[PDB]
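Inside the fold
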Amino acid sequence: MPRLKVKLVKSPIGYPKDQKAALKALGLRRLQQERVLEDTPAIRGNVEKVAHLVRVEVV
Amino acid sequence: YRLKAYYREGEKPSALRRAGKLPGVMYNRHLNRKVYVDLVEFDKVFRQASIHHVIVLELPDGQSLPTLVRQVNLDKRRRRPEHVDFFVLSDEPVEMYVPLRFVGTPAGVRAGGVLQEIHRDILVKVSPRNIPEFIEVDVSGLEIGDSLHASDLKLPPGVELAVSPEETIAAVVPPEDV
Amino acid sequence: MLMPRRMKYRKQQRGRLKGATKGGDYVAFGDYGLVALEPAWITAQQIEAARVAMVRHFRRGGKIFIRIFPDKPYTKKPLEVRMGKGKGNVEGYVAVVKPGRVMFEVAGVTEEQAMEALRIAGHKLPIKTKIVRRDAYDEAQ
Amino acid sequence: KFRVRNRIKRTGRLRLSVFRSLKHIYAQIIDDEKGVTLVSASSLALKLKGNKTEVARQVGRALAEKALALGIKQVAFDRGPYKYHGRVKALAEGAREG
Amino acid sequence: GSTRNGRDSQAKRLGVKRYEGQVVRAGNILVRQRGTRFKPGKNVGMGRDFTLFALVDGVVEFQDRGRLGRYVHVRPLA
RNA sequence: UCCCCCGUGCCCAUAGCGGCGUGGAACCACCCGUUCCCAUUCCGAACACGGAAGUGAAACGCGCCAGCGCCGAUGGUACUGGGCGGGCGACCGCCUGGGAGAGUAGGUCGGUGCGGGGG
RNA sequence: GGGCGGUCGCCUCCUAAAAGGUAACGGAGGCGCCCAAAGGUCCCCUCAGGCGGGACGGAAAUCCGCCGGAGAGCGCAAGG
RNA sequence: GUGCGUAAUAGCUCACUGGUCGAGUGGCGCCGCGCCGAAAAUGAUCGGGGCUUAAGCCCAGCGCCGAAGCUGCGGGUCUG
RNA sequence: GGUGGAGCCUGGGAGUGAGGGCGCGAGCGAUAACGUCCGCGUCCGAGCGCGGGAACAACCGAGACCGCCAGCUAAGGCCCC
Ligand SMILES: [Mg+2]
Ligand SMILES: [Mg+2]
Ligand SMILES: [Mg+2]
Ligand SMILES: [Mg+2]
Ligand SMILES: [Mg+2]
Ligand SMILES: [Mg+2]
Ligand SMILES: [Mg+2]
Ligand SMILES: [Mg+2]
Ligand SMILES: [Mg+2]
Ligand SMILES: [Mg+2]
Ligand SMILES: [Mg+2]
Ligand SMILES: [Mg+2]
Ligand SMILES: [Mg+2]
Ligand SMILES: [Mg+2]
Ligand SMILES: [Mg+2]
Ligand SMILES: [Mg+2]
Ligand SMILES: [Mg+2]
Ligand SMILES: [Mg+2]
Ligand SMILES: [Mg+2]
Ligand SMILES: [Mg+2]
Ligand SMILES: [Mg+2]
Ligand SMILES: [Mg+2]
Ligand SMILES: [Mg+2]
């Protein structure tokens, strides 16, 4: 099963409540923060919404 | 007449139409195949090759498609075509709009109007063998008051007539005096 | 000038000027056309000043075609009046136009005279309005 | 385009349909929003009697005993094209009771 | 030179209050409507101001299909 | 295990409209009367009742005709969440998804349940 | 800005950004009522217009036939 | 009859063309950067000095500088 | 799916009810205002703590627990200050 890792490269300062309150769904809070993630379409659906703030790699 | 063709497989084509390659599609009864043609070839032949002429389309399968135009989408603040719908003709009396024109003295040339209502000569359906290139309409004496066309003397040679209406046709308008 | 004789309501809004054309690019009446390129308004004084500049220019032949109609009342308050207290009075009806819409269409005028006449009436308008001729770009099938 | 449509209300969800032709009558009992005819009794399909308004008593007893034979009691009655006059098909068994 | 007309009514605040796929009780208003945009189906009752409500409880369903108006169907659970 | 017709339905104009056929042994309609139960701001036209000698003209079903009407595909933009820029402004450009309304091809004059009658 | 003028409550449409709400001395209008029937139930009928006519008749009174599926009407402004 | 010139004349140049020459020549439709349009009140300037195959403008590429952001380490507090 | 200074219920306790800028959808204005009034979001207010934009709250990056003569970067630049 493919895993998922993102790195936050741009802060949600200047971005709406469905961005700053969308990074709380993943639990990352700062720049250069990364974590392994499941391949669920809910988390993917968050990833294409905050895709302009993080970089995406598949583990 | 004698225009090249290619294939499309669900591309970008807003990015493909930058170098003069506008997309297209052709059909007669089925096979809605997506193509793209060249803009200076299609524009250059499309200068004089109007709706009445059967524009034939070479294809990489070796077939020559007897197509025509359905619509040219104007770019509407750029005056350009986005997408041109081709129409292959098959063994069927297909619909044609032929740009007929007017010859002769319009209304006694000094006392002449404008005769501007061209309107692409509303509709004539035709078999693929009896399809015309030019049909002539004269304007022999048609002065300002009487002598209008009214599509009653609208019997073309052969195939076919106008199907339902007889109402849209050119007329004579007064000039603009000072 | 000219004005619509009947209205449902007297005053109305302004809105925006976005959108491409919403119809009015193919000529279909005359052999030439004065087509606009920038979004602005067309007052009835701009209609009259461009319409007189045709019939005074070319004579004895050529019917002029206008495809613009002012249905938008330009609302302006009187001078030296503070803000509020309702809308202003109606002075002249304006016509909203979009870029790439053909406004003025000459009829029965040749090339070297219609380029000149549309060039004279082009300076009466605050819009960059280029001149297009009768091409094969109709909407026929 | 004449129609009265007393069949449009349908508060009671189980009706007895009546058709009166100019020769004879026939009647059904329908179950609504399902489209299944449960029981019916038709003149000239069982050919009971010649006079058309004397049919209503024998088809009332016949459709009543076939309705109780099929075990349905709470029924209703339509009046689509026709007045409640002339033929009545009055009964005393089953919950129509008219 | 004054203001001719600057008053406006308070909104009565109509609208669809219970969409389909929602479990309801007996008595819930399915839609607050001005005119009868929705026609009663099974277990649906109208009132004075064309307001239709549920007669029983269950999963509600719309659009049995048209040609007479939009339909509301309070369907019971079995 | 099938065709025709009659009731009652679901699809909601691809079901209608207009024209051309066709059917009564078999239902249904038309018809002949009103004598009573019934009725009409007036009249058996529509409800109601005896029928049924004559009929399918009308209406009603089935079949045909695309023009009348309707439905209407692939592309192509308009538009727009979201992101990135330009213009002094009026307002535009790119990427990522989504994706119309007209118009064109084409389709249609029906599809499918339940219960009865006849062969 | 205050004064002068206008308004103070309720209803309808838009502004109002396709759930609801949403302002301005923003635009267009109404109300301080009325019906023993203009109410309930039951039973019949489908409107306004256009065409062909009439005995007066405005081109509108009343009558017949066809087309007309809701452009009439629903006490009162507007919406459904 | 292309423009003058004459009250009109006359006349000068011609649109059209013959050569001894000479290998390229005009009308356009887009497109990038430019020029004029562009004159206000204490001293002028893009931050300044300066900058022309750039120290501007368009498409690129490899590096570097660049925060109290993140990590390297130490210390304190709060919650679980 | 989502264990987060997330939510839900009760009780105690204040403050606020002059807001403003920016982008979009709008009205009035003149498609004028660093003009007035709404909505969708952000920021300032309360982050005049930091870097860039010469200087400047809302233009961009970034959310300052403290310390180090350590690195990597965001916006912006690499002729000299
Ligand atoms: Mg920011
Ligand atoms: Mg009917
Ligand atoms: Mg009725
Ligand atoms: Mg009836
Ligand atoms: Mg301006
Ligand atoms: Mg709303
Ligand atoms: Mg909204
Ligand atoms: Mg009533
Ligand atoms: Mg270089
Ligand atoms: Mg930190
Ligand atoms: Mg530490
Ligand atoms: Mg909190
Ligand atoms: Mg207050
Ligand atoms: Mg306040
Ligand atoms: Mg505010
Ligand atoms: Mg402000
Ligand atoms: Mg402003
Ligand atoms: Mg803050
Ligand atoms: Mg300071
Ligand atoms: Mg700074
Ligand atoms: Mg700050
Ligand atoms: Mg911190
Ligand atoms: Mg570095």
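Residues numbered from 1 in each chain as written, not as in the entry; some residues may be left out. Chains lettered and ligands numbered in written order. Part of a larger assembly, values for the part shown. Heavy atoms only, no water.

**Brief notes about the overall build of chain C**
Stated formally: Strands here mean DSSP runs of E at least two residues long; helices mean DSSP runs of H or I at least four residues long; both are numbered from the N terminus. Summary of the burial criterion: residues with accessible area below 20% of their type's maximum are buried, those above 50% are exposed, and those between are partly exposed, where the area comes from a 1.4 Å probe applied to protein chains only. Contacts are assigned to residue pairs with any non-hydrogen atoms lying within 4.5 Å of each other. Here the open area of atoms and residues is found with the Shrake-Rupley method and a 1.4 Å probe, where only the protein chains shown may cover a residue. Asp and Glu count as negative and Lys and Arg as positive, but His and the ends of the chain are not part of the count. Where a charge lies is defined by one atom per residue type: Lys uses NZ, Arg uses CZ, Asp uses CG and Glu uses CD.
When helices and strands are tallied, chain C shows 2 helices and 7 strands. Along chain C, helices (α) and strands (β) appear in the sequence β-β-α-β-β-β-β-α-β when read from the amino end. Considering chain C as a whole, with its 141 residues, one finds that 42% of them fall into the buried category. Expressed as a percentage of contacts within chain C between residues at least 6 apart in sequence, the contacts between residues at least 24 apart total 83%. Surface summary for chain C: the accessible area is close to 8700 Å², and the carbon and sulfur share equals 52%. Put simply, chain C has 29 plus and 14 minus side-chain charges, and the middle of one group is 12 Å from the middle of the other.

**Remarks on helix 1 (residues 55-70) of chain D**
Residue and element names in this part refer to chain D. Inclusion rule: A helix is expected to span 1.5 Å for every residue after the first. As used here, the arc is the angular range of directions from the helix axis to the C-beta atoms.
When the terminal C-alpha atoms of helix 1 are compared, their 21 Å separation across 16 residues agrees well with the 22 Å that a helix rising 1.5 Å per residue should span. For helix 1, every residue scored as buried is listed here: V55, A56, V59, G60, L63, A64 and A67. The buried residues of helix 1 occupy one face: seen down the axis, they fall within an arc of 140 degrees. Exposed positions of helix 1 whose direction lies more than 90 degrees from the buried face are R57, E65 and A69. Looking at the buried positions of helix 1, the neighbouring elements they touch are strand 1 (14-20), strand 2 (25-31) and strand 3 (36-42).

**Section: empty space enclosed by the protein**
All names here are of chain D. We apply this condition: Method remark: on a 1 Å grid restricted to protein atoms, a set of points is classed as a cavity if a 1.4 Å probe fits but cannot get out and as a pocket if it is open with protein on both sides within 12 Å along at least five of seven lines; lining residues have an atom within 4 Å of a point. Grid points are joined across faces, edges and corners, and a volume is the space filled by probe spheres set on the points. Each residue is assigned to one of three groups, with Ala, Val, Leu, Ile, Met, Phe, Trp, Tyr, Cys and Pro labelled nonpolar, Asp, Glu, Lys and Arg labelled charged, and all others, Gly among them, labelled polar.
If you walk through the whole model with that rule in mind, you get 10 cavities of 30 Å³ or more. Of the voids in this model, the largest cavity is the one considered here, and its volume is about 100 Å³. What lines the largest cavity is a set of 14 residues, and nearest its centre among them are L16, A67, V75, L91 and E93. Sort the elements by how many residues they give to the lining of the largest cavity and helix 1 lands first, with 4 residues. The residue makeup of the lining of the largest cavity, split by class, is 9 nonpolar, 1 polar and 4 charged.

**Description of the pattern of salt bridges**
Operational definition: A side-chain nitrogen of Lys or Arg and a carboxyl oxygen of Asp or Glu constitute a salt bridge if their distance falls within 4 Å.
Evaluation of the coordinates by the stated rule reveals 18 salt bridges over all chains. The shortest N-O distance in the salt bridge between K63(C) and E176(B) comes to 3.7 Å. One end of the pair, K63(C), is in the loop between helix 1 (44-55) and strand 3 (65-66); the other, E176(B), is in the segment after strand 9 (136-138), on a second chain. Taking relative accessible area as the criterion, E176(B) reaches 22% and is therefore assigned partly exposed. Several salt bridges share partner residues, and in doing so they unite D43(B), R47(B), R79(B), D25(C), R133(C) and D135(C) into one network.

**Some words on the nonpolar core**
This is how the line gets drawn: Residues enter a nonpolar core if they are buried and are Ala, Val, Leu, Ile, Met, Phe, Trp, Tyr or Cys, with the set joined through side-chain atoms within 4.5 Å.
The biggest cluster of nonpolar side chains holds 37 residues, and the ones touching the most others in it are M26(B), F42(B), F46(B), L57(B), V84(B) and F86(B). Contributions of two or more residues to this core are made by strand 1 (21-26), strand 2 (33-38), helix 1 (39-45), strand 3 (55-58), strand 4 (64-74), strand 5 (81-88), strand 6 (94-96) and strand 8 (124-126) of chain B. A per-element tally of this core places strand 4 of chain B first, with 5 residues. When neighbours within four sequence positions are excluded, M26(B) is seen to be in contact with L31(B), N32(B), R33(B), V35(B), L59(B), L65(B), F86(B) and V88(B). Formed by 23 residues, the second largest nonpolar core is a distinct cluster that contains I68(C), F104(C), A114(C) and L125(C).

**Some words on the protein's contact with RNA strand I**
Threshold: The cutoff for a nearby residue is simple: one of its non-hydrogen atoms must lie within 4 Å of the molecule or strand. By the criterion applied in these results, polar contacts are pairs of N or O atoms within 3.5 Å in which, for protein atoms, one can donate a hydrogen and the other can accept it, and in which residues neighboring in sequence qualify only through two side-chain atoms.
Around RNA strand I there are 25 residues in total, and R29(A), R14(C), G15(C), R16(C) and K87(C) lie nearest to it. Of all RNA strand I atoms lying within 4 Å of any protein atom, the proportion belonging to sugar or phosphate reaches 73%. Take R14(C): an N or O atom from its side chain is 2.5 Å from a phosphate oxygen of RNA strand I. The dominant element in the surface near RNA strand I, judged by the number of residues it contributes, is strand 4 (residues 72-76) of chain C, at 3 residues. Of the residues in the surface near RNA strand I, the class split is 9 nonpolar, 6 polar and 10 charged.

**Let's talk about unusual backbone geometry**
Here the amide bond leading from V159(B) into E160(B) is cis, since omega sits at -15 degrees, within 30 degrees of zero. Located in the positive-phi region is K22(C), a residue other than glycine, with phi close to 50 degrees. Examined against the element boundaries, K22(C) turns out to sit in the segment before strand 1 (32-36). Classification of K22(C) by relative accessible area gives exposed; the value is 80%.

**Observations concerning the packing of aromatic side chains**
In this description, an aromatic ring pair is defined by two values, namely the gap between the centres and the angle between the planes. The criterion, for reference: Pairing of aromatic side chains requires ring centres within 6.5 Å, counting the rings of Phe and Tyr and the six-membered ring of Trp. Pairs whose planes differ by under 30 degrees are stacked, by over 60 edge-to-face, and all others tilted. Remark: a charge is flagged as sitting over a ring if the NZ atom of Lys or the CZ atom of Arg is within 6 Å of the ring centre and within 35 degrees of the ring normal.
Counted under the stated rule, the structure contains 10 aromatic pairs over all chains. Ring centres 6.2 Å apart and planes at 80 degrees place the aromatic pair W41(C) and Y74(C) in the edge-to-face group. Pair noted here: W41(C) is in strand 2 (residues 40-43) and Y74(C) is in strand 4, with a separation of 33 residues, a long-range link. Among the residues examined, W41(C) registers a relative accessible area of 23% and is labelled partly exposed. Summarising the aromatic geometry, the rings of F77(D) and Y84(D) are spaced 6.1 Å apart at their centres and angled 85 degrees between planes, so their arrangement reads as edge-to-face. Overall, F77(D) belongs to the partly exposed group, its relative accessible area being 22%. Here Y84(D) falls in the partly exposed class, since its relative accessible area comes to 43%. Feature note: the residues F42(B), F46(B), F86(B) and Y137(C) constitute an aromatic cluster, connected by ring pairs. The ring of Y7(B) has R33(B) sitting right over it, with the charged end atom 5.6 Å from the ring centre.

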